[PDB]
Amino acid sequence: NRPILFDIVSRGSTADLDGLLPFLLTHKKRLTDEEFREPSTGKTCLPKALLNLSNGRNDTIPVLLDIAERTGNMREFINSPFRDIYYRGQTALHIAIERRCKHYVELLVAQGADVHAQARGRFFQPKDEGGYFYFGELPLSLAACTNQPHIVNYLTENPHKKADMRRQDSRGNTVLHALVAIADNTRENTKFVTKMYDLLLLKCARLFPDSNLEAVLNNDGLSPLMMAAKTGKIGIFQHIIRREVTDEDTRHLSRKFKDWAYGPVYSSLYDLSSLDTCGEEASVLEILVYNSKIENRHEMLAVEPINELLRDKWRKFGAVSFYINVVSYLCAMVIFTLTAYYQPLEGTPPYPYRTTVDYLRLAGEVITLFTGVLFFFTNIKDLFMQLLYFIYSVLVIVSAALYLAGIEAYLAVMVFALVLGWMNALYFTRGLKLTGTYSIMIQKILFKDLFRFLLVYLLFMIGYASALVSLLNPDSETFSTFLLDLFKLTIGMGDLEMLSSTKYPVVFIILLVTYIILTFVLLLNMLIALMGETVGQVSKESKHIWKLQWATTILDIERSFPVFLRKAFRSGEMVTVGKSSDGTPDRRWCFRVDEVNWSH
Amino acid sequence: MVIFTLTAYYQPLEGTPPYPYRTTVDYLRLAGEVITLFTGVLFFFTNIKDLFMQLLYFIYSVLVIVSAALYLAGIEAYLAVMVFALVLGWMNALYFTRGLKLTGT
Amino acid sequence: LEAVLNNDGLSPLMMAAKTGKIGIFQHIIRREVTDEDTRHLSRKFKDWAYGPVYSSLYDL
Ligand SMILES: CC(C)CCC[C@@H](C)[C@H]1CC[C@H]2[C@@H]3CC=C4C[C@@H](OC(=O)CCC(=O)O)CC[C@]4(C)[C@H]3CC[C@]12C
């Protein structure tokens with residue numbers, strides 16, 4: 150009778166249902182029997198009826214509910230979930246809410262519909278995880294994510310059942326987490342996202358004054374603000390960072406207060422407790438600056454307190470430590486250079502020391518080894534809990565070890581270390597503004613475009629030179668010699684005296700001509716062109732890249748210091764902005780900004 | 482192309498073309514030669530079918561086949577054109593980066 | 362009607378593509394007919410919708 154029932158419900162006709170009650174009573178067959186349910190998914194009668202209706206009025210639902218109550222299977226029938234990978238978990242209430250039918254939502258909850266049921270089927274998953282619509286996996290989160298204020302209002306405060314706002318799905322995300330998860334930078338989306346977020350926050354605070362809704366964290370460990378920063382959602386991040394609440398009852402949770410005004414000058418202090426931390430917990434700034442592949446990484450930093458905080462930190466302690474570090478690094482490299490220079494050529498390593506000058510060389514050596522081990526330890530700690553610096557440190561330590569063992573080879577690698585030691589000194593110009601943007605651009609072009617160009621050139625050059633070598637007739664040694672000669676000719680110095688043994692010299696001349704033409708005219712020119720266009724495309728990006736580089740250097744310096752030193756240098760003044768519900772003072776960290784307005 | 486490069490490199494300078502084969506190394510060179518000729522004839526057939534029903553590849557194939565023919569006939573000149581083929585063989589390897597996005601533009 | 366081909370062997374869609382006419386090519390590639398009598402000749406149908414997600418299958 151399953152096909153007949155499905156046809157009856159799909160049609161929506163009331164008459165066909167007559168007689169089902171006595172039929173079930175006589176045969177004592179429940180509406181959740183395997184035969185009645187569709188084997189493919191598990192869909193029961195109610196979801197099918199709700200799926201296909203007219204102008205929000207199916208007109209069959211009450212009869213189905215009455216029948217199920219007659220049987221006495223409402224508990225297992227009204228909330229019967231779907232099976233299968235695609236739609237697992239989905240219940241009738243999810244459908245009713247998805248179809249924007251308040252009437253049916255009320256009628257469903259009135260009868261005992263499970264309001265906390267989770268719909269974690271593969272249809273409802275994040276876009277990156279092979280899904281279509283992620284909404285928090287809850288009826289309440291669904292209504293909040295589909296921009297339906299009335300549904301959320303009724304659902305939260307209903308006599309029969311209440312879905313508390315502070316509730317977490319399998320992933321741990323709460324309704325605010327989902328509402329940030331579906332946010333997009335479009336104006337239409339943000340306009341309702343912010344409104345619903347604020348409404349829901351105020352309602353939760355009103356109902357429960359003790360707890361805080363944004364305190365909750367998901368399994369990942371983030372909060373709505375940190376997650377919005379991580380997911381690159383400027384629209385809601387900017388509205389949460391400057392949230393101000395005029396209501397006196399709910400002013401405690403506000404984030405931006407007015408401090409004082411004199412004429413056109415207005416001075417307001419922002420709150421940055423969660424925004425900036427000293428190792429107590431993860432900070433928005435660290436996440437936004439250090440994580441990669443962020444949509445609006447550069448735009449997100451242009452917010453009223455963020456930029457001024459970076460500025461104040463830079464003045465307070467950023468500049469001094471940077472100059473100290475660069476000077477010390479240069480001095481250390483000079484000491485290393487002197488040590489390598491004065492390495493005694495005579496004898497074999499290690500060399501005995503029996504004079505004060507020997508002890509001077511030893512002092513330089515120990516300083517260099519200390520620097521190398523320090524860099525190695527810093528990199529290893531970073532890995533456990550700067551690739552070029554890692555190479556420098558590992559090469560230094562290996563050179564010291566081979567010096568201890570006894571072999572000439574160490575000097576080579578030791579010298580190589582010195583090369584790298586200066587090769588990256590340019591990267592310390594990063595902190596400087598005028599030359600730091602140029603250093604960042606040089607590093608960017610060097611790694612991305614120069615890797616491709618070099619890889620393109622290597623095989624071409626080696627194969628073409630091998631072809632020319634094969635052309636000549638009087662053979663690894665011959666190739667080894669000729670390759671040096673050919674590279675020297677590529678430099679523009681030398682002479683092609685080796686062609687005497689070759690037959691058909693004309694074609695060899697032509698081939699060398701074309702080789703030179705390609706190497707100098709086309710290959711070299713394209714490298715020139717690429718730099719010119721990239722800078723033009725990033726002409727505006729220059730300031731963005733510079734600001735990001737400045738931020739990352741400042742944050743690296745801040746991270747390096749231990750916790751208590753950070754406590755000493757922490758920026759912002761403790762300001763008692765009000766008294767909590769119990770009356771005790773807040774005493775919350777804040778940072779002050781003042782502007783000028785001639786229109787207010 | 483690597484196989485072709487090795488074949489050209491190990492072409493015996495001594496003697497005159499064709500060179501008799503009486504050793505396993507000779508058969509290694511012969512295997513490389515037949516592979517190169519197969520590649521050339523395949524490219525030639527593809528281009529000829531396109532024409533009946550890639551100009552640089554057409555040049556590569558025609559030069560390879562001509563070099564093989566002149567190797568069979570007996571003349572030193574073939575090596576020249578054979579080498580020239582190898583040049584073109586790599587000269588257009590860059591054009592296979594086309595498919596890649598970053599370097600294809 | 363679009364089955365007919367000229368001496369060249371093309372159809373209105375192929376000819377619009379060959380002649381570089383975006384305006385009519387885009388309107389012929391997404392042609393949808395609401396009338397039930399003449400829905401067979403339509404080229405873009407709606408498949409299903411869930412909330413803000415809409416899924417339509419084109420004919421190719
Ligand atoms: C254009 C870019 C992408 C390719 C990099 C060029 C190198 C692959 C070339 C440039 C100079 C060449 C070298 C010139 C001299 C020698 C020594 C030679 O061995 C000898 O010592 C005998 C000759 C001599 O002693 O001068 C072996 C090859 C090598 C390293 C040559 C091999 C290839 C080198 C490093």
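Chains A, B and C, in that order, are what the protein sequence lines are. Note that the first sequence covers residues 150 to 534, 550 to 638, 662 to 787 in the entry's author numbering. Note that the second sequence covers residues 482 to 534, 550 to 601 in the entry's author numbering. Note that the third sequence covers residues 362 to 421 in the entry's author numbering. C-beta: ideal position from N, C-alpha, C; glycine also.
Could you name the residues of chain C that residue i contacts, counting a contact when the two beta carbons are closer than 9 Å?
{"i": "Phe282 of chain A", "result": "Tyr411, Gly412, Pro413 and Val414"}
Could you name the residues of chain A that residue i contacts, counting a contact when the two beta carbons are closer than 8 Å?
{"i": "residue 430 of chain B", "result": "The structure shown does not extend to residue 430 of chain B, since chain B is modelled only from 482 through 601, so no value can be given for it."}
{"i": "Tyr500 of chain B", "result": "Chain A residues near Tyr500 of chain B: none, gap ~13 Å exceeds 8 Å."}
{"i": "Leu590 of chain B", "result": "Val620 and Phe624"}
Whose Cβ in chain C lies nearer than 7 Å to the Cβ of residue i?
{"i": "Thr295 of chain A", "result": "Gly412"}
Residues of chain B with CB under 9 Å from residue i, in chain order?
{"i": "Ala716 of chain A", "result": "Here the premise fails: no neighbours, minimum Cβ distance about 12 Å."}
{"i": "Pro749 of chain A", "result": "Neighbours of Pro749 of chain A on chain B: none; closest Cβ ~42 Å, over 9 Å."}
With residue i and residue j assumed to form a contact (beta carbons below 8 Å), what rounded beta-carbon distance in angstroms separates them?
{"i": "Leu374 of chain A", "j": "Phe357 of chain A", "result": "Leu374 of chain A to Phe357 of chain A, Cβ: 20 Å. No contact."}
{"i": "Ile555 of chain A", "j": "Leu584 of chain A", "result": "6 Å"}
{"i": "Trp586 of chain B", "j": "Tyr628 of chain A", "result": "6 Å"}
{"i": "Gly270 of chain A", "j": "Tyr236 of chain A", "result": "4 Å"}
{"i": "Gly238 of chain A", "j": "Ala268 of chain A", "result": "4 Å"}
{"i": "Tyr574 of chain A", "j": "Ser563 of chain A", "result": "5 Å"}
{"i": "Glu218 of chain A", "j": "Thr181 of chain A", "result": "Actually they do not touch by this definition, with Cβ atoms about 14 Å apart."}
{"i": "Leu717 of chain A", "j": "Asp613 of chain A", "result": "5 Å"}
{"i": "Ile604 of chain A", "j": "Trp733 of chain A", "result": "7 Å"}
Would residue i and residue j be called neighbours here (beta carbons separated by less than 8 Å)?
{"i": "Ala262 of chain A", "j": "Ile216 of chain A", "result": "no"}
{"i": "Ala292 of chain A", "j": "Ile246 of chain A", "result": "yes"}
{"i": "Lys379 of chain A", "j": "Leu366 of chain A", "result": "no"}
{"i": "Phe284 of chain A", "j": "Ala327 of chain A", "result": "yes"}
{"i": "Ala489 of chain B", "j": "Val579 of chain B", "result": "yes"}
{"i": "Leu559 of chain B", "j": "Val577 of chain B", "result": "yes"}
{"i": "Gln736 of chain A", "j": "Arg503 of chain A", "result": "no"}
{"i": "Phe155 of chain A", "j": "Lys197 of chain A", "result": "yes"}
{"i": "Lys407 of chain A", "j": "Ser422 of chain A", "result": "no"}
{"i": "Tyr419 of chain A", "j": "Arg400 of chain A", "result": "no"}
{"i": "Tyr253 of chain A", "j": "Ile210 of chain A", "result": "yes"}
{"i": "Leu202 of chain A", "j": "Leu213 of chain A", "result": "no"}
{"i": "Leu568 of chain A", "j": "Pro501 of chain A", "result": "no"}
{"i": "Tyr415 of chain A", "j": "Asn784 of chain A", "result": "yes"}
{"i": "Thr193 of chain A", "j": "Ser229 of chain A", "result": "yes"}
{"i": "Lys251 of chain A", "j": "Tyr303 of chain A", "result": "yes"}
{"i": "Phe282 of chain A", "j": "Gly384 of chain C", "result": "no"}
{"i": "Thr599 of chain A", "j": "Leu635 of chain A", "result": "no"}
{"i": "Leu686 of chain A", "j": "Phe617 of chain A", "result": "no"}
{"i": "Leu362 of chain A", "j": "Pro298 of chain A", "result": "no"}
{"i": "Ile744 of chain A", "j": "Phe471 of chain A", "result": "yes"}
{"i": "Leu199 of chain A", "j": "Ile244 of chain A", "result": "yes"}
{"i": "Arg316 of chain A", "j": "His265 of chain A", "result": "yes"}
Check the DSSP bridge columns for residue i and list the partner residues they point to.
{"i": "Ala564 of chain A", "result": "Answer is none; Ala564 of chain A lacks a bridge partner."}
{"i": "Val515 of chain A", "result": "Note: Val515 of chain A sits in no beta bridge, so no partner."}
{"i": "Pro692 of chain A", "result": "None; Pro692 of chain A has no bridge partner."}
{"i": "residue 499 of chain C", "result": "In the structure displayed, chain C extends from 362 to 421; residue 499 of chain C sits before or after that span and is not available."}
{"i": "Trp776 of chain A", "result": "A:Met761"}
{"i": "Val783 of chain A", "result": "A:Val414"}
{"i": "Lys766 of chain A", "result": "A:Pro772"}
Give the residues of chain B in contact with residue i, contact being defined as C-beta atoms less than 7 Å apart.
{"i": "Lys690 of chain A", "result": "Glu572"}
{"i": "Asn456 of chain A", "result": "Residues of chain B passing the Cβ test: none, with the nearest at roughly 33 Å."}
{"i": "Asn637 of chain A", "result": "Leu494"}
{"i": "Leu698 of chain A", "result": "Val583"}
Check the Cβ of residue i against every Cβ in chain A and list those closer than 7 Å, keeping chain order.
{"i": "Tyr490 of chain B", "result": "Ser630 and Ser634"}
{"i": "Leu598 of chain B", "result": "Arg616"}
{"i": "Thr497 of chain B", "result": "Those within 7 Å of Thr497 of chain B in chain A number zero; the least Cβ separation is about 12 Å."}
Residues of chain B with CB under 8 Å from residue i, in chain order?
{"i": "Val694 of chain A", "result": "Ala576, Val579 and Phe580"}
Between the segment 565 to 582 of chain B and chain A, which residues of the former have CB atoms less than 8 Å from a CB of the latter, in chain order?
-> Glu572, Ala573, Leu575, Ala576, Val579, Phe580 and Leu582
For the segment 229 to 252 of chain A, which residues have a beta carbon sitting closer than 9 Å to at least one beta carbon of chain C?
-> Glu247
With 8 Å as the C-beta to C-beta threshold (strictly closer), list the residues of the segment 506 to 520 of chain B near chain A in chain order.
-> none
Chain-ordered residues of the segment 421 to 443 of chain A with a beta carbon less than 7 Å from chain B | none
Within 7 Å of ligand 3: residues by beta-carbon to any heavy atom | As far as ligands go, the structure on display features ligand 1 and does not contain ligand 3.
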